[PDB]
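A short worksheet on the structure shown next.
Values below: every heavy atom of this structure, side chains too, minus hydrogens, waters and symmetry copies. So that the names make sense, note that chain A is the first sequence line, chain B the second, and so on, each numbered from 1.
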Amino acid sequence: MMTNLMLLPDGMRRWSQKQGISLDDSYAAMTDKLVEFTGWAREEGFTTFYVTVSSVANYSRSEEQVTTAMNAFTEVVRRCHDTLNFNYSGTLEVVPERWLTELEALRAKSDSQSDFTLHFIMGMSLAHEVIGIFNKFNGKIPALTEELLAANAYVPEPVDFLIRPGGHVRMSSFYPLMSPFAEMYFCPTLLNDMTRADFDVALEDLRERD
Amino acid sequence: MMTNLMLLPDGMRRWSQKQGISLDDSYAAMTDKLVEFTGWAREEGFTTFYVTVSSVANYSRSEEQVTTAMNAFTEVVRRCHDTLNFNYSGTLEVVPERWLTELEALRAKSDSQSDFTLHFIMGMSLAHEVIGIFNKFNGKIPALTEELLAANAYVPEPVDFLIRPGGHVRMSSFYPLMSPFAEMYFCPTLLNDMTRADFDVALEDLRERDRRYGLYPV
Ligand SMILES: [Mg+2]
Ligand SMILES: [Mg+2]
């Protein structure tokens, strides 16, 4: 029975400024924090933990900025893939090949028998998502159905809860297409400053709406 | 630089409970409030004021509830259409045809030369929107382009700012397809309790935000 959580990581540049460290070191703190967060989500019973790694727009950051971020996200998977199920999706054509190749090999040997999945979405953008689905089925089916759309969306199931730390109240190209009933939670805390208590009080807020 | 604004109306049933009045009278207050809000948005220089009238799910309400709501939204347009440009879009097949006929007549009588547009989206639901676009172009084009998608989405441009009163921190069926970087503002105030000051401080919050569009500052 799916119960799933989506995180929109944010605040690494601001944290690097706050701490007086490089962007690389802030993204290293992000890797550590996302491993923590993945374990919190698993402990809390979520069946999939979705992490929005990147938008299409993000890949127009500088080459160094893209490498910093993509390496830091991939390092989460290097550390976790042997003890959870790893999957990924998105507008893969904008993801630099080096990261796609590495993430695919990690996916291929990840722990497929795990009841818990870490799922990365890369290159998020509703317009690119819809264009890809259209082009796959164009002329090949009589009509698009809700089932076929759900089976081809980047996020493969409805998202129950979405958390965005870092102070910005916006989706920034990360909205999950097939989640009309998702509950959203925003907080100012930068991702790298989030504690388990911060996560727990976010879940109190999210769970106490229903 | 030009900006637009979208409002997600919410809170009519709770307001009827709070005020001790019928749902119909709460929707009458909503009509009054939306006429106010439309004027505030125009005064603030927004090019278009978008109102998310309904989701597809809304049309599973009772027939009386649907008529009450659709009449109350249409009354907004009856009152203001003569001095602005009115347009509408959405999953129109789920809207009872009476309202489509009246709204089309009001659009025809509205001021197409106006520098301000009131735009209603009805039957919002991204799955239905996408399915409608697919079925329109299926087998008729070699590939879907961003340009064609933008020209056929319910909301005809990216939305800069959207406001959701009523306390729910969620987008329901109302997230605008072609707005990756819309700023969202939520507040607990029920729509029918919102004052001009409430609107003004929402705009302070929205306008102060640093919009980055997925990039870092240069
Ligand atoms: Mg950021
Ligand atoms: Mg409501």
Would a line drawn from the ring center of B/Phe161 to the ring center of B/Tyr185 be shorter than 6.0 Å?
no
Check this for me, if you would: do A/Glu36 and A/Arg196 make a salt bridge, where the nitrogen-to-carboxylate-oxygen distance has to be below 4.0 angstrom?
no
Given the options B/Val169, B/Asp205, B/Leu215, which has more heavy-atom pairs under 4.5 Å with chain A than any of the others?
B/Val169
Given B/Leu149, B/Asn135, B/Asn138, the one with more heavy-atom pairs under 4.5 angstrom with chain A than any other is B/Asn138
Selection from B/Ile133, B/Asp210, B/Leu162, B/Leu206 maximising heavy-atom pairs under 4.5 Å formed with chain A
B/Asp210
Under 4.5 Å from any heavy atom of chain A, what part of B/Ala143 do you find: side chain, backbone, both or neither?
both
Taking atom types as modelled and ignoring hydrogens, do the side chains of B/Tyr27 and B/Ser16 form a donor-acceptor contact shorter than 3.5 angstrom?
no
Hey, do the aromatic rings of B/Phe49 and B/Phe116 have their centres closer than 6.0 Å?
no
Is B/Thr145 in contact with chain A via its backbone, its side chain, both, or neither, using a 4.5 Å heavy-atom distance?
backbone
Which of A/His168, A/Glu183, A/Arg13, A/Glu146 touches chain B most, by non-hydrogen pairs under 4.5 Å:
A/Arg13
Heavy atoms only, distances under 4.5 angstrom: which of A/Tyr59, A/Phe181, A/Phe186 has the most pairs with chain B? Name it, please.
A/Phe186
Does any heavy atom of chain B fall under 4.5 Å from the side chain of A/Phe134, the backbone, both, or neither of them?
both
Cut-off 3.5 Å, side chains only: do B/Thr47 and B/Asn4 have a donor facing an acceptor?
no
If we count only N and O atoms by modelled type, under 3.5 Å, do the side chains of A/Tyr50 and A/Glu157 hold a donor and an acceptor together?
yes
Greatest number of heavy atom pairs closer than 4.5 Å to chain B - which of A/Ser179, A/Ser54, A/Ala127:
A/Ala127
Under 4.5 Å from a heavy atom of chain A, the part of B/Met171 involved
both
If you measure from the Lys or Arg side-chain nitrogens to the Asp or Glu carboxylate oxygens, is any gap between B/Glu102 and B/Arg98 under 4.0 Å?
no
Exercise: do A/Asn71 and A/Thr74 side chains pair donor with acceptor under 3.5 Å:
no
Of the listed A/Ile131, A/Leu126, A/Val130, the one with the largest count of heavy-atom pairs under 4.5 Å with chain B is A/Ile131
Using non-hydrogen atoms only, which part of A/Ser172 is less than 4.5 Å away from chain B: side chain, backbone, both, or neither?
both
Pick from B/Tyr213, B/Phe137, B/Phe174 with the largest number of heavy-atom pairs that fall under 4.5 Å of chain A
B/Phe137
Using a strict threshold of under 4.0 Å (side-chain N to carboxylate O), is an ion pair present between B/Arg207 and B/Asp160?
no
